[PDB]
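To start, the structure itself, in structure tokens.
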Amino acid sequence: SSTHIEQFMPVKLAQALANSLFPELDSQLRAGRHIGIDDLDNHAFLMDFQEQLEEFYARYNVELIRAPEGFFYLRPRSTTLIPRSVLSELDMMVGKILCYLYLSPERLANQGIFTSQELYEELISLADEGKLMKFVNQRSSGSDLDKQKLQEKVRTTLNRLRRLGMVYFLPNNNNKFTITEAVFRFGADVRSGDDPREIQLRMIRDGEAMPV
Amino acid sequence: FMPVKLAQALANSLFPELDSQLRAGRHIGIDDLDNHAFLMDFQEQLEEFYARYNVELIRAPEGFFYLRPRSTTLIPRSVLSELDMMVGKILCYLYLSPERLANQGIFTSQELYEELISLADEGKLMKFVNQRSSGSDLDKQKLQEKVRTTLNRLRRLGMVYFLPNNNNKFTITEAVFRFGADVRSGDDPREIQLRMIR
Amino acid sequence: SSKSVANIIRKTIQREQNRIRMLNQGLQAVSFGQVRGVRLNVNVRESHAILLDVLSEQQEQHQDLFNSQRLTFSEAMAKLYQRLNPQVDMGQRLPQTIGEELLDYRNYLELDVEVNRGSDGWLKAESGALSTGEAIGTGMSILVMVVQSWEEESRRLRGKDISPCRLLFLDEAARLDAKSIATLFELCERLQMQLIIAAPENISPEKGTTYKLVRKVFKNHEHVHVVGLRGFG
Amino acid sequence: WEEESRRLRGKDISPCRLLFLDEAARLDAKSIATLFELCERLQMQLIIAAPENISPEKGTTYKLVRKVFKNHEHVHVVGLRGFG
Amino acid sequence: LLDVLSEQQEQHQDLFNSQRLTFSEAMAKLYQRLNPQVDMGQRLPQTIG
Amino acid sequence: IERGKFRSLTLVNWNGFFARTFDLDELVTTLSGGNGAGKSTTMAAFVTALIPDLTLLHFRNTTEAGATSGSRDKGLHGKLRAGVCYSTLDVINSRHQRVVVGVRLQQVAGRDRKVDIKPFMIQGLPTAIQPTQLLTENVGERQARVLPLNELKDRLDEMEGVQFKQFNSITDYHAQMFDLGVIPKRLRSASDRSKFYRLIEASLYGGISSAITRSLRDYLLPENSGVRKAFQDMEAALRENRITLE
Amino acid sequence: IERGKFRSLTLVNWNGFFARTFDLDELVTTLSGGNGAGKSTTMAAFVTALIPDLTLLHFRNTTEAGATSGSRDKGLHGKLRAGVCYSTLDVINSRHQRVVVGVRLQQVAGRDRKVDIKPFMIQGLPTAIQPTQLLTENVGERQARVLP
Amino acid sequence: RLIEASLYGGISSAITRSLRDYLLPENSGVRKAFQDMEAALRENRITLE
Amino acid sequence: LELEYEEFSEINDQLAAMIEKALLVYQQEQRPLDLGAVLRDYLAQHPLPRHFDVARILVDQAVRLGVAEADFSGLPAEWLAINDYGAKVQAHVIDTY
Amino acid sequence: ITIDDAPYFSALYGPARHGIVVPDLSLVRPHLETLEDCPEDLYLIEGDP
Ligand SMILES: Nc1ncnc2c1ncn2[C@@H]1O[C@H](COP(=O)(O)OP(=O)(O)OP(=O)(O)O)[C@@H](O)[C@H]1O
Ligand SMILES: Nc1ncnc2c1ncn2[C@@H]1O[C@H](COP(=O)(O)OP(=O)(O)OP(=O)(O)O)[C@@H](O)[C@H]1O
Ligand SMILES: [Mg+2]
Ligand SMILES: [Mg+2]
């Protein structure tokens with residue numbers, strides 16, 4: 001009959017949009033936040049109405065995507081109605097290091113709590129210290145002043161990744177933090193054992209990752 | 001459940017684009033025929049929809065629509081620069097009576113540049129560019145660059161419409177009144193606008 | 001073409017303004033609390049005023065757009081309107097519809113309601129800026145405006161010796177003070193318009209007919225006893 | 001609500017009680033009598049408004065008259081009493 | 001539902017021969033668990049549990 | 001000259017009114033009684049007889065005067081009683097022709113609170129016969145019997161010169177009312193009915209109506225065809241050609 | 001136990017009131033007068049002094065009651081005059097302590113019709129002091145002035 | 001809400017709709033016992049998801 | 001300045017008292033009451049300006065005494081005149097007490 | 001004009017129904033020689049338009 005919700009919208013979609021959790025989650029998702037298993041309220045809500053939300057956001061030319069590790073996020077298309085942005089290369093260095101930390105069983109004893117110092121030590125352990133230093137300051141040659149500048153830039157990027165939902169600070173201590181599974185998107189270029197260049201081309205075609 | 005008319009409104013094809021523009025802070029004037037009509041038709045429900053975000057949907061007395069966030073806003077907020085409000089109040093002044101005969105609604109960047117330089121005090125101009133500046137050519141060039149930049153910001157707010165060509169000539173919309181002064185019985189708009197600009 | 005269309009539009013606008021001005025005079029000096037008068041303010045939008053003037057006097061500058069047979073007249077009107085005020089956007093709607101909108105004279109007019117409150121001048125009538133009684137009185141004023149307009153509209157489709165009936169209501173009339181009720185009675189009497197008002201006995205208007213109601217239980221059923229009085233004064 | 005806060009409050013304080021009602025003229029005499037007895041039995045204060053004096057034999061009453069005066073407005077207040 | 005959750009297997013299996021109470025029903029409320037039809041939002045209402 | 005007038009309002013078998021007729025004043029009629037006596041009920045009867053459209057009819061309480069639709073109950077069902085109910089108006093035109101217009105109301109049985117409505121009109125009735133007499137039989141019992149439309153049609157057709165018209169659609173009913181000068185505008189379509197009802201109910205509750213204020217030009221200005229039809233005819237040749245090409 | 005009571009309400013520099021004090025009753029207090037006299041304004045002043053949360057205060061007309069409107073204007077600003085304004089309550093506690101709560105109200109200059117509120121409280125005031133006099137200064141020949 | 005409903009008078013739509021929230025008070029003894037079960041039930045939700 | 005005062009008049013309450021005392025007899029004897037005759041007799045005792053109020057109050061007192069059984073007959077009552085200058089009343093006779 | 005007076009007026013004015021009202025009729029006398037493009041029978045009337 002007329003004046004009936006079904007005329008304009010599926011009942012389940014209207015039911016979802018009327019929920020009290022929707023505004024918070026919509027605002028955060030448009031901001032780029034990733035959703036993991038730990039924030040039960042939001043994750044369960046996403047699971048309950050997944051298809052409705054995907055069909056809804058499709059109106060904006062953006063895909064609501066679910067990674068195999070179980071975390072949701074938004075990927076805009078080329079004709080997106082919502083702006084799109086790319087992370088910095090330093091963000092990538094710290095992200096891949098956070099991933100390697102999450103996998104590492106040798107540090108499983110920490111029970112998930114890591115310190116910025118440990119992260120810095122691992123990063124310098126694997127990357128080329130001095131040549132990576134080139135990005136912090138063009139004149140760096142190992143000086144302690146420039147080392148402190150690198151540490152502070154790392155601290156700042158780690159805070160930004162906290163806003164993206166990639167890491168949670170402890171309730172009372174800001175020098176220690178716990179990882180979330182969302183970090184595994186930093187491994188997208190190696191999770192399949194094949195030629196790196198074809199992987200890269202597939203990612204760029206899928207819109208996952210841009211070059212610089 | 002959900003009110004039937006609200007579901008109808010947000011089912012409309014025009015909603016996603018208007019939502020994206022509104023959340024960016026754009027103002028909808030009488031110029032945007034379809035968007036303005038849509039808001040006129042579904043205001044009673046859209047106000048409720050956006051109240052769920054702790055954000056207010058206001059229709060100005062002149063006729064244009066816009067969003068005002070509360071302190072508890074669920075949408076991340078951002079704030080304009082001092083030079084931005086200076087230019088906005090200048091544009092409000094230019095929405096004058098002799099304007100009709102002077103320019104037929106179409107201005108140029110130079111009009112605004114020269115008006116800004118003539119009407120403002122030097123000290124706040126230096127504060128805008130940099131305190132170390134003093135009456136130098138490079139400072140004036142930087143101020144011109146900043147004027148173009150803030151004018152583009154205002155164009156994103158919908159205050160000013162650029163004429164479709166590469167040159168910098170534009171027309172002022174009614175929504176510029178948001179920068180304007182308080183009006184009291186019998187007060188002359190020119191005088192009160194100048195009084196605030198001073 | 002051109003000028004003649006402008007003239008018919010102008011005459012239609014002028015006639016509407018004059019009729020409104022005549023209706024407007026019947027509402028002068030109506031006392032409702034601190035409100036002392038009501039008006040219907042009629043104005044012409046600028047974006048259409050300039051268009052009307054251009055169509056009147058600069059037609060030689062745009063004749064290419066009017067006599068081009070590849071497009072119709074209403075389309076020509078829409079295209080001229082977009083040529084002026086270029087900042088206007090069009091919502092992917094056919095130019096034909098925008099043309100027919102320009103053909104409808106009502107779209108050229110801007111309408112407001114104003115009240116002459118207290119020591120102040122003419123103010124736009126906002127509900128939140130008035131007391132309760134003032135709001136009720138203003139509502140009645142606008143309603144009689146509508147009724148008069150509708151009767152003038154239809155009389156060209158009615159018999160020469162027919163005059164329709166006019167009647168309006170007011171529930172919870174106790175909200176109005178004696179002075180306001182006197183004003184309302186004066187208005188309706190001057191307008192030959194009937195009234196039915198309900199009040200829980202607080203008001204006793206001397207003129208007209210009065211009905212006393214009392215609800216009772218009789219043989220285990222609800223029953224209303226009714227008595228009537230009239231002719232006083 | 002008063003019963004809920006019995007625990008938190010100090011033993012010796014009973015909070016104030018007060019309510020409003022605009023356009024009281026919508027109620028008839030019997031209804032107002034009922035309302036008054038209810039509120040007085042509960043030690044409840046009331047503030048009511050009506051164009052005409054609907055409660056002549058209970059409580060206090062004030063009469064307001066607005067005067068236009070030298071291009072501004074002024075309100076004059078006078079009390080009313082049950083008997084004279 | 002409180003009776004279902006309160007009374008446990010070993011003692012009340014002799015009580016459970018009634019048609020209204022069984023263990024699996026706690027998981028059956030998983031359906032009700034996902035989303036009840038709450039309308040107005042303040043503080044934090046979430047689910048049957 | 002000599003504007004028409006409403007003469008009387010009659011209720012039959014409504015809640016609290018078995019058979020009641022009100023003689024309306026030429027200028028002012030005042031209803032008076034304690035709370036819950038039935039004043040608003042009489043005005044409900046008047047307007048429902050005037051505009052018998054169940055899509056528009058909604059008698060919300062005076063408190064909460066401006067809220068949304070809310071409940072599915074329109075507030076009318078409870079004002080009726082079991083059996084058959086009537087509401088009728090008596091009118092005198094400028095021609096001094098006596099015309100009686102009204103509707104027949106009945107509670108539709110079911111879980112929900114729904115109502116059935118049927119308009120009708122009578123012309124040529126003698127001045128000596130009152131509506132209550134037409135609609136009731138004075139059987140031996142203490143209380144009369146309200147007679148359905150079948151009995152009413154048979155009873156009226158027996159009279160000399162009296163015509164009984166029974167309508168199948170609201171549009172016809174409003175057309176006849178306009179032709180006889182009972183309303184100021186002929187309600188072409190449902191939109192016109194909605195605006196007319198807006199006018200009535202805004203007057204009923206009182207205050208500056210929001211809806212009237214929004215669409216002020218739509219209410220106060222008549223629509224003029226002269227400006228248009230010239231250009232529709234001139235445009236015709238192009239329209240046909242375009243359609244043919246498509 | 002003796003329950004607390006509201007003794008009086010005071011208004012300063014409101015729309016139509018310069019400095020007026022209503023003495024409340026133990027059971028019922030009635031306000032009468034023709035339309036537009038200022039009754040609803042007195043109600044509004046009381047409630048404002050009770051809950052100064054400006055996000056909540058919304059004074060609709062009595063008509064249009066119950067309609068959630070989101071009106072552009074909350075209706076408080078117009079009830080105030082230029083300059084400083086007050087609204088205060090005198091209360092007798094169950095402990096027989098006299099306490100004066102209130103708020104200072106002031107219009108905000110600018111196109112938006114905004115309002116400023118600053119609550120305050122006074123304890124231990126002598127019983128002989130009236131709020132009307134406490135809030136004003138006698139300047140000139142019986143031509144008092146309000147003080148910030 | 002309470003004061004405003006009193007001022008305009010009548011059956012306030014918002015009050016009746018959430019009458020539980022307005023009338024029934026909250027109890028801390030219930031919470032103290034339910035804290036343990038709250039931990040348990042959150043754990044169960046984790047596993048289910 | 002200091003607050004002044006103003007007082008109410010109890011003339012209408014006194015009027016109600018005389019009317020109710022005068023009317024109580026009808027109930028006690030259960031005598032059929034006709035508003036027309038009673039109003040015509042009772043208005044003669046007051047001057048014209050006060051007639052309207054007297055009529056209102058008398059009707060208020062009279063309706064509390066029983067009902068008129070004729071109301072269920074479907075037959076409307078006539079408009080009876082009760083004084084000169086042209087005042088009218090409509091009511092069935094009160095029979096059921 | 002109403003439908004009832006329409007036939008009367010149409011009979012009254014006859015062929016001149018579609019003439020033009022012009023209050024002087026001497027101001028047209030100079031213009032008239034130019035009228036080569038007009039209906040074969042043009043009607044003019046004097047009075048207040
Ligand atoms: N839909 C309904 N269902 C049930 N009872 C109703 C309904 N409508 C009205 N009533 C009852 O009918 C009686 C008359 O109601 P009504 O609204 O006509 O009173 P009133 O005389 O207009 O009162 P007031 O002027 O105080 O509003 C009251 O008892 C009311 O409770
Ligand atoms: N926000 C406002 N802006 C301007 N004038 C206002 C405002 N609010 C009220 N007024 C005016 O102040 C005067 C007092 O209004 P108020 O509603 O207090 O009176 P009242 O005696 O309670 O009237 P009523 O009983 O009719 O509601 C009226 O003239 C009203 O128009
Ligand atoms: Mg009622
Ligand atoms: Mg008021």
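Each chain in the structure tokens gets a letter, A, B and so on, in the order shown; residues start at 1 in every chain, and ligands are counted from 1 in the order they appear.
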
Compile the contact shell of stretch 2-7 of chain E as number ranges by chain: residues with an atom at most 8 Å away, counting only C-alpha atoms, same-chain residues fewer than 2 positions apart removed. E: 9, 12, 21-23, 25-26

Include N, CA, C and O atoms and write out the residues we just selected as a CSV table (one decimal), in the first residue's frame.
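Now in out15.csv:
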chain,number,residue,atom,x,y,z
E,9,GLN,N,22.5,-28.0,35.0
E,9,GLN,CA,22.3,-29.3,34.4
E,9,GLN,C,22.2,-30.4,35.5
E,9,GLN,O,21.2,-31.1,35.6
E,12,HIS,N,19.2,-30.0,38.3
E,12,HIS,CA,17.9,-29.7,37.8
E,12,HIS,C,17.5,-30.5,36.5
E,12,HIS,O,16.5,-30.2,35.9
E,21,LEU,N,11.3,-25.1,29.7
E,21,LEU,CA,12.7,-24.8,29.9
E,21,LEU,C,13.7,-25.8,29.3
E,21,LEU,O,13.5,-27.0,29.5
E,22,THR,N,14.7,-25.3,28.6
E,22,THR,CA,15.8,-26.1,28.2
E,22,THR,C,17.1,-25.3,28.0
E,22,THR,O,17.0,-24.1,28.0
E,23,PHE,N,18.2,-26.0,28.0
E,23,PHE,CA,19.5,-25.3,27.9
E,23,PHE,C,19.7,-24.6,26.6
E,23,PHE,O,20.1,-23.4,26.5
E,25,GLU,N,18.0,-23.0,24.7
E,25,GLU,CA,17.3,-21.7,24.6
E,25,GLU,C,18.2,-20.5,24.9
E,25,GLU,O,17.9,-19.4,24.3
E,26,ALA,N,19.2,-20.7,25.7
E,26,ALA,CA,20.1,-19.6,25.9
E,26,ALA,C,20.8,-19.2,24.7
E,26,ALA,O,21.0,-18.0,24.4

Compute the chain H side of the contact with chain E at 10 Å, counting only C-alpha atoms, and hand it back as a ChimeraX atom specification. /H:14,17-18,38,41-42,45,48

Could those selected residues go to a file with N, CA and C atoms, as a PDB file, in the first residue's frame?
ATOM      1  N   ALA H  14       6.802  12.631  25.313  1.00  0.00           N
ATOM      2  CA  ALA H  14       8.109  12.074  25.636  1.00  0.00           C
ATOM      3  C   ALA H  14       8.101  11.368  26.985  1.00  0.00           C
ATOM      4  N   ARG H  17       6.414   7.803  26.840  1.00  0.00           N
ATOM      5  CA  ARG H  17       7.071   6.840  25.964  1.00  0.00           C
ATOM      6  C   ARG H  17       8.215   6.115  26.666  1.00  0.00           C
ATOM      7  N   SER H  18       8.849   6.758  27.647  1.00  0.00           N
ATOM      8  CA  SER H  18      10.017   6.214  28.330  1.00  0.00           C
ATOM      9  C   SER H  18       9.783   6.120  29.834  1.00  0.00           C
ATOM     10  N   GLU H  38      29.060  -9.756  33.968  1.00  0.00           N
ATOM     11  CA  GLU H  38      29.342  -8.877  32.842  1.00  0.00           C
ATOM     12  C   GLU H  38      30.660  -9.254  32.186  1.00  0.00           C
ATOM     13  N   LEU H  41      30.095 -12.532  30.256  1.00  0.00           N
ATOM     14  CA  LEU H  41      29.268 -12.428  29.065  1.00  0.00           C
ATOM     15  C   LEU H  41      29.991 -11.675  27.958  1.00  0.00           C
ATOM     16  N   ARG H  42      30.783 -10.662  28.314  1.00  0.00           N
ATOM     17  CA  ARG H  42      31.600 -10.011  27.300  1.00  0.00           C
ATOM     18  C   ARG H  42      32.563 -11.009  26.672  1.00  0.00           C
ATOM     19  N   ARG H  45      30.721 -13.067  24.176  1.00  0.00           N
ATOM     20  CA  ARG H  45      30.467 -12.350  22.930  1.00  0.00           C
ATOM     21  C   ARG H  45      31.704 -12.345  22.047  1.00  0.00           C
ATOM     22  N   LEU H  48      31.950 -15.691  20.307  1.00  0.00           N
ATOM     23  CA  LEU H  48      30.909 -15.865  19.299  1.00  0.00           C
ATOM     24  C   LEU H  48      31.228 -15.084  18.036  1.00  0.00           C
TER      25      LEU H  48
END

Quick check: residues of chain H within 12 Å of chain F, only C-alpha atoms, returned as a PyMOL selection string. chain H and resi 5+7-14+17

Measuring between only C-alpha atoms and all ligand atoms, which one of C:178, C:231, C:172, C:207 shows the shortest distance to ligand 3? C:172

Give me, as JSON lines, the closest atom pair and its distance (Å, one decimal) for every residue of chain F within a cut-off of 10 Å of ligand 3, counting only C-alpha atoms and all ligand atoms, rows sorted by chain and rising number.
{"residue": "F:32", "atom": "CA", "partner": "ligand 3", "partner_atom_place_in_ligand_line": "1 (Mg)", "distance": 9.9}
{"residue": "F:33", "atom": "CA", "partner": "ligand 3", "partner_atom_place_in_ligand_line": "1 (Mg)", "distance": 9.4}
{"residue": "F:34", "atom": "CA", "partner": "ligand 3", "partner_atom_place_in_ligand_line": "1 (Mg)", "distance": 9.1}
{"residue": "F:35", "atom": "CA", "partner": "ligand 3", "partner_atom_place_in_ligand_line": "1 (Mg)", "distance": 6.9}
{"residue": "F:36", "atom": "CA", "partner": "ligand 3", "partner_atom_place_in_ligand_line": "1 (Mg)", "distance": 6.6}
{"residue": "F:37", "atom": "CA", "partner": "ligand 3", "partner_atom_place_in_ligand_line": "1 (Mg)", "distance": 7.9}
{"residue": "F:38", "atom": "CA", "partner": "ligand 3", "partner_atom_place_in_ligand_line": "1 (Mg)", "distance": 6.7}
{"residue": "F:39", "atom": "CA", "partner": "ligand 3", "partner_atom_place_in_ligand_line": "1 (Mg)", "distance": 5.5}
{"residue": "F:40", "atom": "CA", "partner": "ligand 3", "partner_atom_place_in_ligand_line": "1 (Mg)", "distance": 4.4}
{"residue": "F:41", "atom": "CA", "partner": "ligand 3", "partner_atom_place_in_ligand_line": "1 (Mg)", "distance": 7.4}
{"residue": "F:42", "atom": "CA", "partner": "ligand 3", "partner_atom_place_in_ligand_line": "1 (Mg)", "distance": 9.5}
{"residue": "F:43", "atom": "CA", "partner": "ligand 3", "partner_atom_place_in_ligand_line": "1 (Mg)", "distance": 9.2}
{"residue": "F:61", "atom": "CA", "partner": "ligand 3", "partner_atom_place_in_ligand_line": "1 (Mg)", "distance": 8.3}
{"residue": "F:62", "atom": "CA", "partner": "ligand 3", "partner_atom_place_in_ligand_line": "1 (Mg)", "distance": 7.4}

Residues within 12 Å of ligand 4, counting only C-alpha atoms and all ligand atoms: report them as a PyMOL selection string. (chain C and resi 33-34+127-136+175-177) or (chain D and resi 21-24+48-51+64) or (chain G and resi 31-44+59-63+79) or (chain H and resi 7-8)

Once you count only C-alpha atoms, which residues of chain D turn out to be within 10 Å of chain I? Could you give them as an mmCIF file with C-alpha atoms, in the first residue's frame?
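Below is the file that was written, part.cif:
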data_model
loop_
_atom_site.group_PDB
_atom_site.id
_atom_site.type_symbol
_atom_site.label_atom_id
_atom_site.label_comp_id
_atom_site.auth_asym_id
_atom_site.auth_seq_id
_atom_site.Cartn_x
_atom_site.Cartn_y
_atom_site.Cartn_z
ATOM 1 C CA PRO D 56 -10.498 34.066 43.727
ATOM 2 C CA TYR D 62 -1.393 39.531 40.932
ATOM 3 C CA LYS D 63 -2.886 41.595 38.105
ATOM 4 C CA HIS D 76 2.057 47.858 36.334
ATOM 5 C CA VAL D 77 1.321 45.178 38.949
ATOM 6 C CA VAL D 78 -1.446 45.281 41.568
ATOM 7 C CA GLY D 79 -2.637 42.634 44.000
ATOM 8 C CA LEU D 80 -6.120 41.182 44.355
ATOM 9 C CA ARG D 81 -7.955 39.986 47.466
ATOM 10 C CA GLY D 82 -10.800 37.554 47.982
ATOM 11 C CA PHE D 83 -13.183 39.850 49.852
ATOM 12 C CA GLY D 84 -13.852 43.552 50.298
#

For a quick check of understanding, using only C-alpha atoms and all ligand atoms, which of F:158, F:136, F:205, F:166 has the smallest distance to ligand 1?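 So, comparing all the options, the nearest one is F:205.
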
Find the residues around residue G:120 up to 8 Å (only C-alpha atoms counted), leave out those fewer than 4 positions away in its own chain, and share them as a CSV table (one decimal) with N, CA, C and O atoms, in the first residue's frame.
chain,number,residue,atom,x,y,z
G,101,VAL,N,19.7,32.2,45.0
G,101,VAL,CA,20.3,31.7,43.7
G,101,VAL,C,19.8,32.7,42.6
G,101,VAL,O,18.8,33.4,42.8
G,102,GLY,N,20.5,32.6,41.5
G,102,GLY,CA,20.1,33.5,40.4
G,102,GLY,C,21.1,33.4,39.3
G,102,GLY,O,22.1,32.6,39.3
G,103,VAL,N,20.9,34.2,38.3
G,103,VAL,CA,21.7,34.3,37.1
G,103,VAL,C,21.8,35.7,36.6
G,103,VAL,O,20.9,36.5,36.8
G,104,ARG,N,22.9,36.1,36.0
G,104,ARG,CA,23.1,37.4,35.3
G,104,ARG,C,23.0,37.1,33.8
G,104,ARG,O,23.7,36.3,33.3

Quick check, in Å to one decimal: how far apart do atom CA of residue D:2 and atom CA of residue G:56 lie?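 Atom CA of residue G:56 lies 22.9 Å from atom CA of residue D:2.
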